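Shown next as structure tokens: one chain only, the form deposited in one PDB entry.
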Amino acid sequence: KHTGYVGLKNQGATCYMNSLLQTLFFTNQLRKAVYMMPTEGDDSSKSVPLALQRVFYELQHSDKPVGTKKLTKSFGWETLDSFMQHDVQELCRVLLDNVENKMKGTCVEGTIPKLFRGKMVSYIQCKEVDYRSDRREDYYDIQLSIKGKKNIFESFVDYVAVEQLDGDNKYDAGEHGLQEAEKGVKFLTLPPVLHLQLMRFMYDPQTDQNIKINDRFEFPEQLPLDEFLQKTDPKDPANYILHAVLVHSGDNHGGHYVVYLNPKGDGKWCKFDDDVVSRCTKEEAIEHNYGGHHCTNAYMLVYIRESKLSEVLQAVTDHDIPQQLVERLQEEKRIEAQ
């Protein structure tokens, strides 16, 4: 009510889910394209696209906290710990893959790659012979190492750092035999919506299963990324605006998951805590989640390219929801009300 935004019910150990759902919902261009999916023939029992349409609809219209049971049912994560055994980016990929496939053949085909997909090069360059292997790869999200790094910039420096293949890890160069080489990645494109997960756990033998890295890790409100591009572009520099901060406090999957957002990209932040949505300060959304200098910190960041902000966050009206969809969900709600 207060903030203009409604929250999501707490209905299980769904960990990152309500955070990710709010984050996706406020990707306005995505929300609109999801509204356009042709789901009239869909089975309301099995359709992930319809379930996301329903959730987004309620988030746009409802005054009361929105429920998500049909959604988790639709993509089959219903056990006591099914969310504990997946990272947030896997849930994102399930959701986005479903709706992307559903958009095939429609006027919004390719929305998901347009918003979230970038491209990178992986190379192996032989040092002592002349042979290089190049592999262009798409990515929808980036996992950044934080252990030993102070900020996003050092994480990106680490990401594109050259690795040496020598000694017992020499590269199989085919007819050139075993060779000393160097292996690394470079960014070719950065997408309009940039999903960064921070590596906040670590599966090491010395730590048995998984411990949470609670170290301080700084991210800026404004992130410039041109220097990590293979080739910059003067008519659109890679300047990114912080949009979402998904936060975990505690040490285990019983910890507290919340998400901070400035949904208009205007620097005015709210905290989304399941059913409770509250106005908050910039400091509480950003610095306070850097981590102890004490276990409350960010594990995922969403950035939007400056040049794409107005389009990615384009206004959404009630009229943007097609009439059939509105009547189907209204009838669901009337059937429930009886």
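What we label the rigid core is the largest C-alpha set whose atoms superpose within 1.5 Å from one form to the other. The first residue of the shown sequence is 1; numbering continues from there.
Below, we refer to the form deposited in another entry, which is not included among the displayed structures.
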When the rigid core of both forms is overlaid, which of 233, 130, 227, 266 is the one whose C-alpha moves 2 angstroms or more between this form and the one not shown?
130
Taking the rigid core as the superposition reference, indicate whether the CA of residue 172 shifts 2 angstroms or more between this form and the one not shown.
yes
Residue 45 C-alpha moves between this form and the one not shown by 2 Å or more, core aligned
yes
With both forms fitted on the core, check whether the Cα of residue 216 differs by 2 Å or more between this form and the one not shown.
no
Compare the CA separation of residue 45 and residue 22 in the other entry with the one in the displayed structure, and answer closer or farther (the difference is at least 3 Å).
closer
Compare the CA separation of residue 43 and residue 58 in the other entry with the one in the displayed structure, and answer closer or farther (the difference is at least 3 Å).
closer
